[PDB]
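Data first, discussion second: the structure below is written as structure tokens.
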Amino acid sequence: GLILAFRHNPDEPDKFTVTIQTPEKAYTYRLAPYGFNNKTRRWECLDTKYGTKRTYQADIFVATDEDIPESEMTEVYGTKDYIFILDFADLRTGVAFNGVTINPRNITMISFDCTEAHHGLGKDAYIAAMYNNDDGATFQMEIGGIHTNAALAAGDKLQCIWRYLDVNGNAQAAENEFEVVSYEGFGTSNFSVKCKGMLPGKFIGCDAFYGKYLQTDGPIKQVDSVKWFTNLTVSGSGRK
Amino acid sequence: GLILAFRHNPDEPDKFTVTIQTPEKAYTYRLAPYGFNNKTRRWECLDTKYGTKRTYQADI
Amino acid sequence: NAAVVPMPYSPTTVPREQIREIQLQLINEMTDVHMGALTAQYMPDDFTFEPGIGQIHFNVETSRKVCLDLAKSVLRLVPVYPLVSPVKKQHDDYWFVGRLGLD
Amino acid sequence: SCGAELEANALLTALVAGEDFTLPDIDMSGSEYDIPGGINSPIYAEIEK
Amino acid sequence: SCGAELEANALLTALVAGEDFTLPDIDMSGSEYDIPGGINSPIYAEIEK
Amino acid sequence: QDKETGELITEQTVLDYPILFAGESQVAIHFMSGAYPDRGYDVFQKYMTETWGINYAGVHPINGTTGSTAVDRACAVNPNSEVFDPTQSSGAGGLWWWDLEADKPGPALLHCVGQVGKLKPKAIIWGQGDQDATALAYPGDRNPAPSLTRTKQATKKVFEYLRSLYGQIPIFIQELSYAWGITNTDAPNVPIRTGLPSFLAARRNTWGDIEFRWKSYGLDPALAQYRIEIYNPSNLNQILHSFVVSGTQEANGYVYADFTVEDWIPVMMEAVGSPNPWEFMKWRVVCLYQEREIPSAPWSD
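If you read the protein sequences in the order shown, they are chains A, B, C, D, E and F.
Going by our numbering, the residue at position 92 of the first sequence is 92; the numbering climbs one at a time, nothing skipped.
Going by our numbering, the residue at position 17 of the second sequence is 1017; the numbering climbs one at a time, nothing skipped.
Going by our numbering, the residue at position 68 of the third sequence is 2068; the numbering climbs one at a time, nothing skipped.
Going by our numbering, the residue at position 41 of the fourth sequence is 3041; the numbering climbs one at a time, nothing skipped.
Going by our numbering, the residue at position 19 of the fifth sequence is 4019; the numbering climbs one at a time, nothing skipped.
Going by our numbering, the residue at position 125 of the sixth sequence is 5125; the numbering climbs one at a time, nothing skipped.
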């Protein structure tokens, strides 16, 4: 019975996530940015493709403290004025909100995943193509746009949203994770990663990719930044 | 709730059998050979005529 | 025979040649190389028929050949990879150390 | 054409004249004829075992 | 041809003129008209003896 | 820092090599209508990377093409409307790359820039003249009548505008290809077939004789027979006179048939009781190869 709204300036606003530590495991929840539609006077998710498809009234957020400076806030979907809404009654996991729903009756902590832009493979990482190997235990993945200092190792987990052509000839979209076994091409910004699993069809295109939490450590140009959490507004039927 | 998998070299692999001694009698069970189909990445019985018609994952 | 033609007549076949001259003369008066690929050797059999419209678009195979010609044209201008990373050796050939700073 | 629809209107009015046939006027688009408690109702909330 | 469909439209409008027949507009594709708790719901979880 | 040398590396960078694709839908066919690796741009990325020795992800082409787009509002389908609708649904406005009247980039050009986004391309592939060709062939009532100078100037400066947003990168142009419209409107389900008559020509002399000329497609006209159909001047949908002309009736690089004064006067009598001259004519030629009829486009000039 609680809803939390605030303003933040992450490096990857479309990929901003929050981890919830239930006494069972560590679920991950994605906070899609919300923009205030003026004509309907309601808060709507900016992500029209893989958003929450939820609307909230203007009362859910009230601004009293000093707002985040514009120059310190990134732009997503052509807009810099956006807020993140956390609803405990719609805690759907998954990158595209297709995962299991978290039970909000037992939560031990709520951790925000603040990270730098060049974290992991980098902000500019993208997938070129995917195809299954002739071997019956793995498949190949091509990744580009990787910063030079990045390194990869076996056992890493990668989240990706991609569209594939079904065996019936109709287009299909699905999301899942992959496990890294080996890769080639260190330092050339192009990786030929071999991963386990099976592809249910021919690759068409990729919509999302994270490539975070790499086992191997790497240097980065030192830079200092300030993370802002402004106007934390809490409302709902639960005890406040 | 248990599954056992192994490799063996009997003289008659299609006729390999295992006896189970229940407290009632001595049942006989036949272990048909299983081959790993590469295209579907699953273990399938090689006997297509009188096999178990069962599929198992590679993790088994 | 001289009475047969390989290309059926179209009302717009003349302006397409006229525009082709405009593009061709533009290449010769610019700085960079602007000749992508040749498509004048393709016949109506190289086009997918659409009912009620005609044959306007290339086949998947014919367009594939066009892309291959585009790749060769760019490679002639740029024969080698122009970019180079700061690192050269494998990950096993570099130490990972921390410093107080450059100075 | 030829005023075919005009003739039908005149005949229908005269033949069925002398009796009341006012249909009820009810708006089903109102909130009364809709279940309250939209997508945010506890009805749509997931049931826990 | 010969404006056959045009004649039908004119006749239908005139004959049934004078009464309201607005059909309800309801979107069944929304989440309200769909059962919550997708493939990850405990409903699809295997029942243990 | 290296194992054997003490130099310090502390800066990261990306070696992406984007390539920009923009223009008419004739280039859009490379990305659409298929999947990996059967798509056109897949082979372009495959062949290019192998030659350079880099991985498959070294080249990153970007699609910014749009179907039925013009270089200027003059050739646009809807010069007046501004709303952008690449799908041609509802109001098919915009769809022009540049507006030479106001010297302003068009919505189609802005859409291509939006596709590029953060990436910095190093090569441009262009092709567009499909829409300008048909518009120039039919000027219509468009007050800014299409012209070569307008097309040249719009195409000249649109490249400069792209060169303004990015570096002085080379740009390659795909030459304009041919396109054939449908032959018969009453039969919208038949494609172009071999033996189809084409290049219909009509000629006359001062005496009054009429000559019909056409050229065969895909086969020797001397091997197949032909038949000429002439429609009634009064009822254009009803055939009036017809005759069969055999093969080898070809000269001067054309297949000719003779329709002289002594031929059309007898057929004119039933229509009009006087030998009125035949200034106007509508006629069609149908091939008779392997007992198959292949009617051609009508000639009504």
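For each residue, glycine too, the CB sits at the ideal point set by N, CA and C.
Neighbouring residues, chain A, relative to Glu3005/D (Cβ below 9 Å): The contacting residues do not exist; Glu3005/D stays about 43 Å from chain A at best.
Considering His2057/C, what are the terminal residues of the beta strand (DSSP E) in which it resides? 2054–2058
Would you list the one or two residues that DSSP bridges to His5060/F? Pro5018/F
Is the number of C-beta pairs between the region 2071–2086 of chain C and the region 5040–5048 of chain F that are closer than 8 Å three or more? yes
Considering Cα atoms alone, identify which of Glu5293/F, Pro5061/F, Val5116/F, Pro5146/F is closest to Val5071/F. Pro5146/F
Tell me the DSSP secondary structure of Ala171/A in three-state form. strand
Just reading off the alpha helix (DSSP H) that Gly5114/F is part of, what are its end residues? 5107–5116
Nearest-angstrom beta carbon gap, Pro5295/F and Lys5282/F [assumed within contact, 8 Å]: Their Cβ separation, rounded to whole angstroms, is 13 Å, which puts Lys5282/F and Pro5295/F out of contact at 8 Å.
Backbone CA spacing between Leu5109/F and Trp5097/F [nearest angstrom]: 5 Å
From the DSSP secondary-structure annotation, give me the bridge partner or partners of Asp5186/F. Looking at the DSSP assignment, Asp5186/F forms no beta bridge with any residue, so it has no partner.
Could you check the C-alpha separation between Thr101/A and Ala171/A for me, to the nearest Å? 27 Å
Are three or more beta carbon pairs between the region 5079–5086 of chain F and the region 5103–5120 of chain F nearer than 8 Å? yes
Between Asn37/A and chain E, is there a C-beta pair that is closer than 8 Å? no
Distance cutoff 8 Å, beta carbons only. Does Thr93/A sit that close to anything in chain D? no
So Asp5258/F is in the beta strand (DSSP E); what residue range does that whole segment cover? 5254–5259
Distance cutoff 8 Å, beta carbons only. Does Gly155/A sit that close to anything in chain B? no
Hey, could you find the ends of the alpha helix (DSSP H) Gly5040/F is sitting in? 5040–5052
Cβ closer than 7 Å: which chain A residues qualify as neighbours of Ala3045/D? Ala89
When Cβ atoms are compared, which residues of the region 5157–5181 of chain F fall closer than 9 Å to chain C? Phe5159, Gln5168, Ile5169, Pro5170, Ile5171, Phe5172, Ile5173, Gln5174, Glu5175, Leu5176, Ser5177, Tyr5178, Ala5179, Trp5180, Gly5181
Locate the beta strand (DSSP E) running through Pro33/A, then write down its first and last residues. 33–37
Closer than 6 Å by C-beta to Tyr77/A: which residues in its own chain qualify, once you throw out the five before and the five after it? Chain order, please. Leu46
Can you check whether the C-beta of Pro2082/C is within less than 8 Å of a C-beta belonging to chain A? no
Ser5033/F beta carbon less than 8 Å from that of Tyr2042/C: no
Using a Cβ-Cβ cut-off of 8 Å, state whether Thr48/A counts as contacting chain D. no
If I follow the unbroken alpha helix (DSSP H) through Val2033/C, where does it start and stop? Taken as a continuous stretch (DSSP letters only), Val2033/C belongs to no alpha helix (DSSP H), as it is neither H nor E.
Can you list the residues of chain A that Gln5012/F reaches, using a CB-CB cut of under 9 Å? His118, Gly122, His147, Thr148, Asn149, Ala150, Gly218, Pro219, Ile220, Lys221
For chain E, check one thing: does any of its Cβ atoms lie closer than 8 Å to the Cβ of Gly3038/D? yes
Since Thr230/A sits in a beta bridge, which residues does DSSP pair it with? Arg7/A
Quick one: residues in its chain with C-beta nearer than 8 Å to the C-beta of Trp5214/F, no 5 flanking neighbours on either side, listed in chain order? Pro5197, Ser5198, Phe5199, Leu5200, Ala5201, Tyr5226, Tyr5254, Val5255, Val5285, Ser5296
Closer than 8 Å between beta carbons: that is the criterion. Which residues of the region 177–202 of chain A meet it against chain C? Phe186, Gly187, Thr188, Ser189
Tell me, please, whether the CB atom of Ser3029/D is closer than 8 Å to any CB atom in chain E? yes
For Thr108/A, collect the residues of the same chain with a Cβ closer than 8 Å to its Cβ; drop the 5 residues on either side in sequence, then sort them by chain order. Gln21, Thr22, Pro23
From the beta carbon of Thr19/A, is the nearest beta carbon of chain D less than 8 Å away? no
Return the first residue and the last residue of the alpha helix (DSSP H) that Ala3008/D is part of. 3004–3015
For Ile60/A and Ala5/A, which I take to be in contact (beta-carbon distance under 8 Å), what is that distance rounded to the nearest angstrom? 5 Å
So, does the CB of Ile5009/F fall closer than 8 Å to a CB anywhere in chain C? yes
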